Structures are given as structure tokens and as C-alpha cells.
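Below: one structure, written as C-alpha cells.
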2 protein chains.
Amino acid sequence: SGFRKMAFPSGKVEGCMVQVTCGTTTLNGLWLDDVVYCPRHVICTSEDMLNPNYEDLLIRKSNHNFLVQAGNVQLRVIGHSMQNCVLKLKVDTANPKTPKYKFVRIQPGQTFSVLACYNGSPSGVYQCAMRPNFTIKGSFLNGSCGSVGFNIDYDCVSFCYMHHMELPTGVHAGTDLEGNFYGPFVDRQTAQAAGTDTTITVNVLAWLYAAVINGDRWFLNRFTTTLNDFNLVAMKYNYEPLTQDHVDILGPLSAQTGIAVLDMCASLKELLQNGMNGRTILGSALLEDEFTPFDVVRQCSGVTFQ
Amino acid sequence: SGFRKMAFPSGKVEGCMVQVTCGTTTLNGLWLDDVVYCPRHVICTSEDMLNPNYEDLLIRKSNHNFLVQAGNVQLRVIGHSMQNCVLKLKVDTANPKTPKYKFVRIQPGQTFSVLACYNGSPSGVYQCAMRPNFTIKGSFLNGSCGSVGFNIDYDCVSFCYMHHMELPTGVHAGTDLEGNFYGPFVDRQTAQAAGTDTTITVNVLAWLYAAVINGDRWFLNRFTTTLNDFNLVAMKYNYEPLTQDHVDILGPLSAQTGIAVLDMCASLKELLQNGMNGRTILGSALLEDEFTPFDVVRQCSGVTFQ
Ligand SMILES: CNC(=O)c1cc(Br)cc([N+](=O)[O-])c1N1CC[C@@]2(CN(C(=O)c3cncc4cc(O)ccc34)C[C@@H]2c2ccccc2)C1
Ligand SMILES: CNC(=O)c1cc(Br)cc([N+](=O)[O-])c1N1CC[C@@]2(CN(C(=O)c3cncc4cc(O)ccc34)C[C@@H]2c2ccccc2)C1
């Protein structure tokens, strides 16, 4: 029993974190095989970021302009390329610690673990969701660029996020490991802000199913609802529309608890309309939307990774 | 910016997790140098746990009654001893992955990271606090015994918790790595329950300081309070008394924000008396008490570990 925001074991990622220095700029990089991946704004000064031309800035750099430190050992750079907003530094040494890995671009609403790092050195690990507005509510200070987000499936680390910047609202923005930003953001100091966000409906439902699996049932009712009538209440409370594909995804949890998906939607409808009345669910006074259906199954059923 | 329940990087602990089988019972063990540590109830059947005599049960076992699996390699046991509620199995191989480590018995209110494990295989990592009633609100299923809680300081892993059991309220109970239970609990199936718990006052205050460091100030006021008058409100809301040593501990955070500790106590007094009025602090509609003053400084200042 219990339900926690649970991150994946970070060991396989810790062994890939290195430090990348270009000029006076230092940030984190990800060392897989003989390539280090880091944000391309490593080549920039603060004044560059106001309006940078990265092809021009990068053309003026050499392999020896990039210092790569992996613990004590320095790594010699033998090539460099730019792919979208990430820099790929080829090095003379394959990382002996390279895990089985993939690069994945996740959909909004999916979760991942973040290994926060400074100077190539891991600081901590925590779970995040990709918000509908393609930001994340992480925990990031100056120097954290190039920290990565990931999932682990069996042996295989699927990297899905590399940190680039913090937006004025204090939420965070970054790219997939191929350098493509999530959302409309760009690696330039301009007026750009998080757009309007919404609550991830299928995730709230999953979390309500986790609560039932863990013995909380106070919020259940005998009512039901149609998908159409639910989505109308969803719109009014700034929740994302629930699709039939979302319903199908909640299949296994609905079957494990004996609560039909549309029956859980009627429960959530009442919670949105009435509030919690000073009660809590799984230790939260809010409706939690950062657990996927997969996250609930993984933690309420004890999946492991090696 | 941002504030998250942040666990330590778990890599140094992952390399110590092994599987221990005695009879039909299988659980997790911690392999440091040439010793594996696991809960001594590994030697028990379910009927044994009703009223076990561990000296008698253990006297009837041999070294070859214990199977120890570390990934693929099986480890040969060459000795065994019981220390309080932990079993120490001596093995023929020193763990090549042994980190710098210590065993620490924490005070209630301190936090640690838990690496949840099944069959010697890490499942996930999360932060816990030792509650005042010496339970933890973890996330643990059948098979998780011998999972450990820990802190990392620089290079050194300080193990502080090994998981033994789940109490009827769904909270968790276990020992230090020397086998001494936190709280009054014993490794027997009896009527024992978590006692009355309280809210960790110094921790709530620390978290209010984290919110200020992160730009939330809506809950501040111009009032002040005396330590004595605060503690009287604390008693009424089931908060722990704030000691002068607690005040001194909050020194660095009070100095960084320019808010006197007793001024933050007056803020908290008002929050307890008025509620939050549908507002949130650091994304919580509750007063959060599972961050220590150290945890706030570590995350709002970017400490790392190698
Ligand atoms: C706060 N502001 C933005 O993050 C920001 C927002 C926009 Br809109 C556009 C840019 N932009 O394009 O320059 C931004 N960066 C400003 C510096 C950034 C960010 N950074 C970090 O270490 C960092 C990471 N996470 C959270 C942080 C919170 C902080 O309070 C301070 C720093 C960070 C280093 C990087 C950099 C790039 C080139 C030369 C020097 C430094 C990029
Ligand atoms: C639920 N009940 C108690 O945990 C419990 C409570 C008291 Br009061 C006294 C004992 N007691 O002394 O036996 C308890 N255990 C019952 C079995 C325990 C617990 N366990 C786990 O794997 C486990 C860990 N965490 C959370 C769990 C939640 C679950 O729903 C089911 C299992 C776990 C295995 C171990 C064991 C020991 C000897 C022989 C076989 C198994 C110890």
C-alpha cells in the first residue's frame, strides 16, 4: 500500500552525465557511445541569446573550443555537429557505461523522471509530466541545462527531455534528445511565455483508480455519465476532453477495481462540482494529474527494471 | 525555480541490491563489502510470524539454507549472524560496487530517499520522512522487504532505513541498518498499530521559506508571535512544539529571505487558523511537512553529489 510520485532508478543515467564547457559557459551533457549531447546554447554568451544565429556562431568554433569532463577524465572532442537545438560532440572514447537506450519524443500528458544535474554531477531525481502547454513544472537552477528526462522499460533507458531554459512563470522548457523543442519555444531570449494550460483528464482518472486500489472510496457514487455530458463539465473546469481512446486506456484499471470508466467520470464530475470538502485523496487536497494509467499500474503492481 | 519532492540519485544504492531466498521466502538484501544485510524474518514462514523465537528458528538453519543472487551471479554464503532484527550473511565475494557508506539512525522528522525493490531489482525511488510516530508513508508491496532508505552526502551513502512490514493503516515500519526498529514495533504478526501522529512543525516552516525563495509570498503578514504563544496554537492543531533549537536551525533560511523565524511562525499561525482559502503553496493545498531545512537549502541552492 501507499502511493507516491515515484521516479525510476537513476543509476543508468548517472553514468552518462558529463560536463561541457565552451568559453565561460558550462552546462551538462549526455555521453552515449562516443557522442556527447548538450544544448546548443552552450556556444552562446548572454548577449548572443538576445538574437542568435547558431549556424554563424557555431561556424566560428573548433573542436578544441569544447571541454568535456567526465568525472576526472577529460574527453577529447574529435568532431561536432548541430542537430536542431542540440549539439553533438564526437569524442575519442566510447562511454563504458552506455546503457541500452532509445530517444523518444513523448506526447503531452506523459510522465518521465528528471535527473537534475550541475557541472556534470547529479543533484537529485524527481517525476515530471509534460503539460498540455508543453512546459514542465520541474526544479531547475542556473547550471542545470542539459539535464535529461527519461523512462526505463526493462533494461532500456528512453530519453525524452533535455532541459534548456526557464520561462517567466517559473515553468521549464526543453527539447527531445534530437533537439526539437516541446511546444512553440525557441532557444532565444525573447518574449515567449507558457500558453494557457489545462488539466490532464485521463491522468486524474487514473489517480482516482489508484486511490480505489489503495482503499480510498469516499468519492465514489452510484451515478453514471455519458462521455458527451462528462466532456461538457470538463470544458467548464478547464480539463482536457476525454477521448474514447482515453477510455480504452483506462480499461485495465477499470477492470481491476470493478468501476466502469464512465462511472469514475461521474465521480470526478461530482468532485469538480462540489470540491473535496476538506477531505484528501492519497494525501492530496488537489486533484492530481501527473500520474498516467501506466504509472498507476507500475506502482500498484510492483514492476521492476534491470 | 520550482520545488519538488526530490530524491537523491540512486545509482550508488542500486549496485548493492541483491536477492535473498530462505526456503520459500524471498526478499531483498543490501550487499556492502562481503556482507549482505536483510530482515531476519526471511527465515520465517507465515505461521512462524504469529509468535516467532528467532534464536530458535535461526539455530536450525545452515549457511547453505540461504540463496543470495546478485543479478546473474549467485553468491556463496560463508557465515551468518543475527544483529537485533537484521540478518548478516557473510559471502565469499566483496561487492565491487560498494560505495563509501555509513549506517545512521535518524531522528523523527528527518527525510531520506527510498529505493523500492523486488527480487533484488530496483523498482523506483522516492522521498520519505520519518513521522513523529516512527512510521513512514512509503509505497511498498509484497516482496519489498529489505528495500532501504538513505541519504547521500558528497560521496558517502548514509543508510538509515530497511523495510520490514506494513501496519494496518497502510503506513510502513522498519529498522535502522543495525536492525533496531524505529518506534515500538516488533517483527511479529500481532496487534500493533501506529500511534497518534503529529505534524512536523519545523518542516512546515522550512517549506514556507522555500515558497518565499521561489516567489510565493501571499501568506506572509506583518504580525509576529512569541515562541510560547505560537506553541499554544501548535498544540491546538496537533503540530509538534517548536524548540529554540528548531528556531536556530531555521537561521540560514530566515537570513536568506529576511523573514524572522517568529515572523514565519505568525504566518503559519494564520494559515492554521484561517485555512488556505482555495489558494495553494508550491502546488499544494495542504501544509507540507516532509521537507527539512536541509532539504530546502539543498534544492534551492543546487548541491550535488559524486
Ligand atoms: C531564467 N531565464 C531563462 O532560463 C531563459 C528564458 C528565455 Br524566454 C530565454 C532564454 N534564453 O534563450 O537565453 C533563457 N535562458 C537564460 C540562461 C539560460 C538559462 N540557463 C540556466 O542555467 C537555467 C536553467 N534552468 C533554470 C534557470 C533558472 C534561473 O533563474 C537561471 C538560470 C536557469 C543558462 C542558459 C544560458 C544560455 C546561454 C548563455 C548563458 C546561460 C537560457
Ligand atoms: C501487510 N502486513 C504486514 O506487513 C505485517 C504487519 C504486521 Br503488524 C506484522 C507482520 N509480521 O510480522 O509478519 C507483517 N508482515 C506480513 C508479511 C510480511 C510483510 N511482507 C511484504 O513483502 C510486504 C512489505 N511491505 C508491504 C506489504 C504490503 C502487503 O499488503 C503485503 C506484504 C507487504 C513480507 C513479510 C513476510 C514475513 C515473513 C514471512 C512471509 C512474509 C511481514
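Residue numbering restarts at 1 for every chain of the C-alpha cells, chains are lettered A, B, ... in their displayed order, and ligands are numbered from 1 as they appear.
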Could you please select, counting only C-alpha atoms, the residues of chain B within 7 Å of chain A and state them as a ChimeraX atom specification?
/B:1-11,14,118,121-126,137-141,170,285-286,302-306
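For stretch 42-126 of chain A, backbone-based DSSP assignment of helix (DSSP H, G or I) covers residues 42, 43, 46, 47, 48, 49, 54, 55, 56, 57, 58, 59, 63, 64 and 65 of chain A.
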Find the nearest atom pair between each residue of chain B and ligand 2 for residues within 9 Å, count only C-alpha atoms and all ligand atoms, give distances in Å to one decimal, sort rows by chain and ascending number, and present the table as JSON lines.
```
{"residue": "B:24", "atom": "CA", "partner": "ligand 2", "partner_atom_place_in_ligand_line": "40 (C)", "distance": 8.8}
{"residue": "B:25", "atom": "CA", "partner": "ligand 2", "partner_atom_place_in_ligand_line": "40 (C)", "distance": 6.2}
{"residue": "B:26", "atom": "CA", "partner": "ligand 2", "partner_atom_place_in_ligand_line": "40 (C)", "distance": 8.4}
{"residue": "B:27", "atom": "CA", "partner": "ligand 2", "partner_atom_place_in_ligand_line": "22 (O)", "distance": 7.3}
{"residue": "B:39", "atom": "CA", "partner": "ligand 2", "partner_atom_place_in_ligand_line": "37 (C)", "distance": 8.8}
{"residue": "B:40", "atom": "CA", "partner": "ligand 2", "partner_atom_place_in_ligand_line": "38 (C)", "distance": 8.9}
{"residue": "B:41", "atom": "CA", "partner": "ligand 2", "partner_atom_place_in_ligand_line": "38 (C)", "distance": 5.1}
{"residue": "B:42", "atom": "CA", "partner": "ligand 2", "partner_atom_place_in_ligand_line": "38 (C)", "distance": 6.0}
{"residue": "B:43", "atom": "CA", "partner": "ligand 2", "partner_atom_place_in_ligand_line": "38 (C)", "distance": 7.4}
{"residue": "B:44", "atom": "CA", "partner": "ligand 2", "partner_atom_place_in_ligand_line": "38 (C)", "distance": 5.1}
{"residue": "B:45", "atom": "CA", "partner": "ligand 2", "partner_atom_place_in_ligand_line": "39 (C)", "distance": 4.6}
{"residue": "B:46", "atom": "CA", "partner": "ligand 2", "partner_atom_place_in_ligand_line": "39 (C)", "distance": 4.6}
{"residue": "B:47", "atom": "CA", "partner": "ligand 2", "partner_atom_place_in_ligand_line": "39 (C)", "distance": 8.0}
{"residue": "B:48", "atom": "CA", "partner": "ligand 2", "partner_atom_place_in_ligand_line": "38 (C)", "distance": 7.6}
{"residue": "B:49", "atom": "CA", "partner": "ligand 2", "partner_atom_place_in_ligand_line": "13 (O)", "distance": 4.8}
{"residue": "B:50", "atom": "CA", "partner": "ligand 2", "partner_atom_place_in_ligand_line": "13 (O)", "distance": 6.9}
{"residue": "B:51", "atom": "CA", "partner": "ligand 2", "partner_atom_place_in_ligand_line": "12 (O)", "distance": 8.7}
{"residue": "B:52", "atom": "CA", "partner": "ligand 2", "partner_atom_place_in_ligand_line": "12 (O)", "distance": 8.9}
{"residue": "B:118", "atom": "CA", "partner": "ligand 2", "partner_atom_place_in_ligand_line": "22 (O)", "distance": 8.8}
{"residue": "B:139", "atom": "CA", "partner": "ligand 2", "partner_atom_place_in_ligand_line": "26 (C)", "distance": 7.8}
{"residue": "B:140", "atom": "CA", "partner": "ligand 2", "partner_atom_place_in_ligand_line": "26 (C)", "distance": 4.6}
{"residue": "B:141", "atom": "CA", "partner": "ligand 2", "partner_atom_place_in_ligand_line": "27 (C)", "distance": 4.2}
{"residue": "B:142", "atom": "CA", "partner": "ligand 2", "partner_atom_place_in_ligand_line": "22 (O)", "distance": 3.3}
{"residue": "B:143", "atom": "CA", "partner": "ligand 2", "partner_atom_place_in_ligand_line": "22 (O)", "distance": 3.6}
{"residue": "B:144", "atom": "CA", "partner": "ligand 2", "partner_atom_place_in_ligand_line": "24 (C)", "distance": 5.0}
{"residue": "B:145", "atom": "CA", "partner": "ligand 2", "partner_atom_place_in_ligand_line": "24 (C)", "distance": 5.2}
{"residue": "B:146", "atom": "CA", "partner": "ligand 2", "partner_atom_place_in_ligand_line": "24 (C)", "distance": 8.8}
{"residue": "B:163", "atom": "CA", "partner": "ligand 2", "partner_atom_place_in_ligand_line": "24 (C)", "distance": 7.1}
{"residue": "B:164", "atom": "CA", "partner": "ligand 2", "partner_atom_place_in_ligand_line": "24 (C)", "distance": 6.2}
{"residue": "B:165", "atom": "CA", "partner": "ligand 2", "partner_atom_place_in_ligand_line": "4 (O)", "distance": 3.6}
{"residue": "B:166", "atom": "CA", "partner": "ligand 2", "partner_atom_place_in_ligand_line": "4 (O)", "distance": 3.7}
{"residue": "B:167", "atom": "CA", "partner": "ligand 2", "partner_atom_place_in_ligand_line": "6 (C)", "distance": 5.0}
{"residue": "B:168", "atom": "CA", "partner": "ligand 2", "partner_atom_place_in_ligand_line": "2 (N)", "distance": 6.8}
{"residue": "B:170", "atom": "CA", "partner": "ligand 2", "partner_atom_place_in_ligand_line": "28 (C)", "distance": 7.8}
{"residue": "B:171", "atom": "CA", "partner": "ligand 2", "partner_atom_place_in_ligand_line": "26 (C)", "distance": 8.6}
{"residue": "B:172", "atom": "CA", "partner": "ligand 2", "partner_atom_place_in_ligand_line": "25 (N)", "distance": 7.0}
{"residue": "B:173", "atom": "CA", "partner": "ligand 2", "partner_atom_place_in_ligand_line": "4 (O)", "distance": 8.4}
{"residue": "B:185", "atom": "CA", "partner": "ligand 2", "partner_atom_place_in_ligand_line": "8 (Br)", "distance": 7.9}
{"residue": "B:186", "atom": "CA", "partner": "ligand 2", "partner_atom_place_in_ligand_line": "12 (O)", "distance": 7.1}
{"residue": "B:187", "atom": "CA", "partner": "ligand 2", "partner_atom_place_in_ligand_line": "12 (O)", "distance": 4.2}
{"residue": "B:188", "atom": "CA", "partner": "ligand 2", "partner_atom_place_in_ligand_line": "12 (O)", "distance": 3.3}
{"residue": "B:189", "atom": "CA", "partner": "ligand 2", "partner_atom_place_in_ligand_line": "9 (C)", "distance": 3.6}
{"residue": "B:190", "atom": "CA", "partner": "ligand 2", "partner_atom_place_in_ligand_line": "8 (Br)", "distance": 5.3}
{"residue": "B:191", "atom": "CA", "partner": "ligand 2", "partner_atom_place_in_ligand_line": "8 (Br)", "distance": 6.0}
{"residue": "B:192", "atom": "CA", "partner": "ligand 2", "partner_atom_place_in_ligand_line": "8 (Br)", "distance": 5.4}
{"residue": "B:193", "atom": "CA", "partner": "ligand 2", "partner_atom_place_in_ligand_line": "8 (Br)", "distance": 7.0}
```
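Those residues that approach residue A:242 to within 8 Å, counting only C-alpha atoms, are residues 201, 202, 227, 231, 246 and 247 of chain A; same-chain residues fewer than 4 positions away are not listed.
Considering only C-alpha atoms and all ligand atoms, the residue among A:66, A:162, A:81, A:134 positioned nearest to ligand 1 is A:162.
Separating atom CA of residue A:77 from atom CA of residue A:35 is a distance of 9.0 Å.
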For residue A:294, please output as a list in words all residues within 12 Å (counting only C-alpha atoms; exclusion window: fewer than 4 positions along the same chain).
residues 109, 110, 111, 112, 151, 153, 202, 203, 206, 207, 209, 210, 249, 250, 251, 252, 253, 290, 298, 299, 300, 301, 302 and 303 of chain A
Suppose we keep N, CA and C atoms; can you now write the selection as a short mmCIF file (atom, residue, chain, number, x, y, z; two decimals), in the first residue's frame?
```
data_model
loop_
_atom_site.label_atom_id
_atom_site.label_comp_id
_atom_site.auth_asym_id
_atom_site.auth_seq_id
_atom_site.Cartn_x
_atom_site.Cartn_y
_atom_site.Cartn_z
N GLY A 109 1.04 15.01 -21.46
CA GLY A 109 0.39 14.12 -20.52
C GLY A 109 1.24 12.95 -20.07
N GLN A 110 2.22 12.53 -20.87
CA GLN A 110 3.15 11.50 -20.43
C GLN A 110 4.07 12.04 -19.33
N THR A 111 4.54 11.13 -18.49
CA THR A 111 5.46 11.43 -17.41
C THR A 111 6.85 10.89 -17.70
N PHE A 112 7.82 11.43 -16.97
CA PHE A 112 9.19 10.95 -17.01
C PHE A 112 9.89 11.37 -15.74
N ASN A 151 12.48 7.65 -19.22
CA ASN A 151 11.78 6.48 -18.69
C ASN A 151 12.66 5.24 -18.85
N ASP A 153 12.33 1.07 -19.38
CA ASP A 153 11.49 -0.09 -19.66
C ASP A 153 12.40 -1.31 -19.75
N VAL A 202 -7.43 12.20 -18.37
CA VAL A 202 -7.21 10.76 -18.23
C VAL A 202 -6.30 10.46 -17.04
N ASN A 203 -5.39 11.38 -16.70
CA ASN A 203 -4.45 11.15 -15.59
C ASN A 203 -5.15 11.28 -14.24
N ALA A 206 -6.95 8.06 -13.74
CA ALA A 206 -6.02 7.01 -13.33
C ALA A 206 -5.71 7.11 -11.85
N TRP A 207 -5.45 8.32 -11.37
CA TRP A 207 -5.11 8.54 -9.96
C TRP A 207 -6.29 8.22 -9.06
N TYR A 209 -8.40 5.89 -9.75
CA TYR A 209 -8.31 4.43 -9.71
C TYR A 209 -7.21 3.96 -8.77
N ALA A 210 -6.06 4.65 -8.74
CA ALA A 210 -5.04 4.28 -7.76
C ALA A 210 -5.57 4.38 -6.33
N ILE A 249 -7.83 3.15 -22.70
CA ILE A 249 -6.56 3.06 -21.98
C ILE A 249 -6.79 2.73 -20.51
N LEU A 250 -7.84 3.30 -19.93
CA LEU A 250 -8.24 3.05 -18.55
C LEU A 250 -8.91 1.70 -18.36
N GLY A 251 -8.93 0.86 -19.40
CA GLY A 251 -9.56 -0.44 -19.35
C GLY A 251 -9.05 -1.31 -18.22
N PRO A 252 -7.73 -1.56 -18.20
CA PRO A 252 -7.18 -2.47 -17.17
C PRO A 252 -7.45 -2.02 -15.75
N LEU A 253 -7.36 -0.72 -15.47
CA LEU A 253 -7.64 -0.24 -14.12
C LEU A 253 -9.12 -0.34 -13.79
N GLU A 290 -0.63 14.15 -12.55
CA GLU A 290 0.69 13.81 -13.06
C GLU A 290 1.02 12.33 -12.88
N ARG A 298 2.17 0.45 -12.79
CA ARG A 298 3.55 0.14 -12.43
C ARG A 298 3.74 0.12 -10.92
N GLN A 299 3.14 1.07 -10.21
CA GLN A 299 3.40 1.22 -8.78
C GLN A 299 2.46 0.40 -7.91
N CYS A 300 1.22 0.22 -8.34
CA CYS A 300 0.28 -0.64 -7.63
C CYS A 300 0.49 -2.12 -7.95
N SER A 301 1.47 -2.46 -8.81
CA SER A 301 1.74 -3.84 -9.19
C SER A 301 3.22 -4.22 -9.16
N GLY A 302 4.12 -3.28 -8.85
CA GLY A 302 5.49 -3.63 -8.49
C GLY A 302 6.41 -4.01 -9.63
N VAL A 303 6.20 -3.46 -10.83
CA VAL A 303 7.12 -3.70 -11.93
C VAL A 303 8.53 -3.24 -11.53
#
```
Which residue is closest to ligand 1? Choose from A:93, A:147, A:256, A:226 and count only C-alpha atoms and all ligand atoms.
A:147
